[PDB]
Structures are given as structure tokens and as C-alpha cells.
Amino acid sequence: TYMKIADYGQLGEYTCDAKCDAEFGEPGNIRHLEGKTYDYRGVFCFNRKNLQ
Amino acid sequence: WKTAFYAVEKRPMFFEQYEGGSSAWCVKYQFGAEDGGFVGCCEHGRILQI
């Protein structure tokens, strides 16, 4: 498993200096994901004397 | 006046910065003082009026 930041929006603008507060912006997201693993297997069978 | 009136003094003027409300631009200062007064017996003394 892992994580990967998608994006993150702006969080402030020019705030009309004659003013004494601030503002809020839109943050992003983290989007934790994961991944599995696959396998492969095989068999066979022979003779004994034919291998001689 | 050493017995006609009286002035009681408790705390002089004081001044301090009001942390909170001050958002790094609107620095808000707060101050004040406390004292008072009263009269003795208002007989030792008169007032000339028209």
C-alpha cells in the first residue's frame, strides 16, 4: 500500500490591505491506495527409463 | 478642606496589550484606573452665590 497527493488548491488571495482579518482556501486530498501481487505456477510429469 | 472633603486612591492608571482580538494588524490596547472620593460633614465650609 501507498499514498499519493492528488492536488491542493489555493489558500489565500490579495486581501485589500485596509482590513484586519484573513480568509480560507480549499485544500486538497491524499488518496491512500494499494496494490496486490499475482502468481504463476506449473507442473509436469515424466518417465524414468525414458529419461535414460 | 483637610476635613471637608476626602479623596481615596486605590490604583493609578495601568495599560496593557490585549492578547486575543489582535490579529497582527488591529493591536488592541486596554487601560484604566480606580479611585474615588466623598465628603466629610458638609458644615466646615460654605459657598458664596448670587
# chains A, B, ... in the order shown; residues from 1 in each chain; ligands from 1
call {"tool": "interface_residues", "arguments": {"of": "chain B", "to": "chain A", "cutoff": "7 Å", "atoms": "only C-alpha atoms", "output": "ChimeraX atom specification"}}
result
/B:23,25-26
call {"tool": "residues_around", "arguments": {"residues": "residue A:1", "least_positions_apart": "5", "cutoff": "6 Å", "atoms": "only C-alpha atoms", "output": "list in words"}}
result
residues 33, 34 and 35 of chain A
call {"tool": "write_last_selection", "arguments": {"atoms": "C-alpha atoms", "output": "tab-separated table (two decimals), in the first residue's frame"}}
result
chain	number	residue	atom	x	y	z
A	33	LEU	CA	-4.21	3.43	-2.33
A	34	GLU	CA	-2.60	-0.02	-2.59
A	35	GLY	CA	-1.64	-2.84	-4.94
call {"tool": "residues_around", "arguments": {"residues": "residue B:46", "least_positions_apart": "5", "cutoff": "12 Å", "atoms": "only C-alpha atoms", "output": "JSON, numbers by chain"}}
result
{"B": [1, 4, 41]}
call {"tool": "select_by_dssp", "arguments": {"residues": "chain B", "states": "strand (DSSP E)", "output": "list in words"}}
result
residues 5, 6, 7, 8, 9, 10, 11, 12, 13, 14, 15, 16, 17, 29, 30, 31, 32, 33, 34, 35, 36, 37, 38 and 39 of chain B
call {"tool": "residues_around", "arguments": {"residues": "stretch 16-21 of chain B", "least_positions_apart": "2", "cutoff": "7 Å", "atoms": "only C-alpha atoms", "output": "PDB file with N, CA, C and O atoms, in the first residue's frame"}}
result
ATOM      1  N   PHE B  14      -3.259  52.142  34.464  1.00  0.00           N
ATOM      2  CA  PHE B  14      -2.496  50.996  34.002  1.00  0.00           C
ATOM      3  C   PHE B  14      -2.872  50.769  32.551  1.00  0.00           C
ATOM      4  O   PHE B  14      -3.980  51.111  32.122  1.00  0.00           O
ATOM      5  N   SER B  23      -5.289  40.737  15.682  1.00  0.00           N
ATOM      6  CA  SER B  23      -4.992  39.832  14.572  1.00  0.00           C
ATOM      7  C   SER B  23      -3.773  40.291  13.779  1.00  0.00           C
ATOM      8  O   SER B  23      -3.766  40.246  12.547  1.00  0.00           O
ATOM      9  N   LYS B  28      -4.850  45.884  19.897  1.00  0.00           N
ATOM     10  CA  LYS B  28      -5.872  46.437  20.772  1.00  0.00           C
ATOM     11  C   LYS B  28      -5.281  46.608  22.162  1.00  0.00           C
ATOM     12  O   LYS B  28      -4.941  45.618  22.818  1.00  0.00           O
ATOM     13  N   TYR B  29      -5.147  47.856  22.599  1.00  0.00           N
ATOM     14  CA  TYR B  29      -4.628  48.160  23.923  1.00  0.00           C
ATOM     15  C   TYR B  29      -5.770  48.446  24.888  1.00  0.00           C
ATOM     16  O   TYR B  29      -6.798  49.015  24.513  1.00  0.00           O
ATOM     17  N   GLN B  30      -5.574  48.058  26.145  1.00  0.00           N
ATOM     18  CA  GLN B  30      -6.586  48.225  27.173  1.00  0.00           C
ATOM     19  C   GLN B  30      -5.965  48.939  28.364  1.00  0.00           C
ATOM     20  O   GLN B  30      -4.817  48.684  28.730  1.00  0.00           O
ATOM     21  N   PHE B  31      -6.734  49.834  28.986  1.00  0.00           N
ATOM     22  CA  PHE B  31      -6.198  50.534  30.149  1.00  0.00           C
ATOM     23  C   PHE B  31      -7.270  50.835  31.185  1.00  0.00           C
ATOM     24  O   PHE B  31      -8.381  50.302  31.108  1.00  0.00           O
TER      25      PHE B  31
END
call {"tool": "residues_around", "arguments": {"residues": "stretch 4-9 of chain A", "least_positions_apart": "6", "cutoff": "10 Å", "atoms": "only C-alpha atoms", "output": "PDB file with N, CA and C atoms, in the first residue's frame"}}
result
ATOM      1  N   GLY A  25      -8.886  28.973   2.149  1.00  0.00           N
ATOM      2  CA  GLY A  25      -8.847  28.365   0.841  1.00  0.00           C
ATOM      3  C   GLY A  25      -9.261  26.903   0.886  1.00  0.00           C
ATOM      4  N   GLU A  26      -9.254  26.297  -0.298  1.00  0.00           N
ATOM      5  CA  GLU A  26      -9.642  24.905  -0.438  1.00  0.00           C
ATOM      6  C   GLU A  26      -8.401  24.033  -0.466  1.00  0.00           C
ATOM      7  N   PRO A  27      -8.192  23.171   0.518  1.00  0.00           N
ATOM      8  CA  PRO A  27      -7.064  22.240   0.478  1.00  0.00           C
ATOM      9  C   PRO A  27      -7.387  21.068  -0.442  1.00  0.00           C
ATOM     10  N   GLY A  28      -6.451  20.135  -0.525  1.00  0.00           N
ATOM     11  CA  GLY A  28      -6.548  19.022  -1.453  1.00  0.00           C
ATOM     12  C   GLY A  28      -6.973  17.733  -0.784  1.00  0.00           C
ATOM     13  N   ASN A  29      -6.306  16.645  -1.159  1.00  0.00           N
ATOM     14  CA  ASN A  29      -6.632  15.314  -0.668  1.00  0.00           C
ATOM     15  C   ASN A  29      -5.405  14.431  -0.842  1.00  0.00           C
ATOM     16  N   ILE A  30      -5.433  13.269  -0.187  1.00  0.00           N
ATOM     17  CA  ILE A  30      -4.251  12.436  -0.023  1.00  0.00           C
ATOM     18  C   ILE A  30      -4.350  11.133  -0.805  1.00  0.00           C
ATOM     19  N   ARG A  31      -5.542  10.535  -0.877  1.00  0.00           N
ATOM     20  CA  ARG A  31      -5.818   9.409  -1.773  1.00  0.00           C
ATOM     21  C   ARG A  31      -4.863   8.236  -1.515  1.00  0.00           C
ATOM     22  N   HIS A  32      -5.027   7.640  -0.338  1.00  0.00           N
ATOM     23  CA  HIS A  32      -4.275   6.440   0.006  1.00  0.00           C
ATOM     24  C   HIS A  32      -4.771   5.249  -0.808  1.00  0.00           C
ATOM     25  N   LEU A  33      -3.852   4.581  -1.511  1.00  0.00           N
ATOM     26  CA  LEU A  33      -4.209   3.426  -2.332  1.00  0.00           C
ATOM     27  C   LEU A  33      -3.307   2.237  -2.023  1.00  0.00           C
TER      28      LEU A  33
END
call {"tool": "residues_around", "arguments": {"residues": "residue B:34", "least_positions_apart": "5", "cutoff": "8 Å", "atoms": "only C-alpha atoms", "output": "list in words"}}
result
residues 9, 10, 11, 12 and 13 of chain B
call {"tool": "atom_distance", "arguments": {"atom1": "atom CA of residue B:47", "atom2": "atom CA of residue B:8"}}
result
23.6 Å
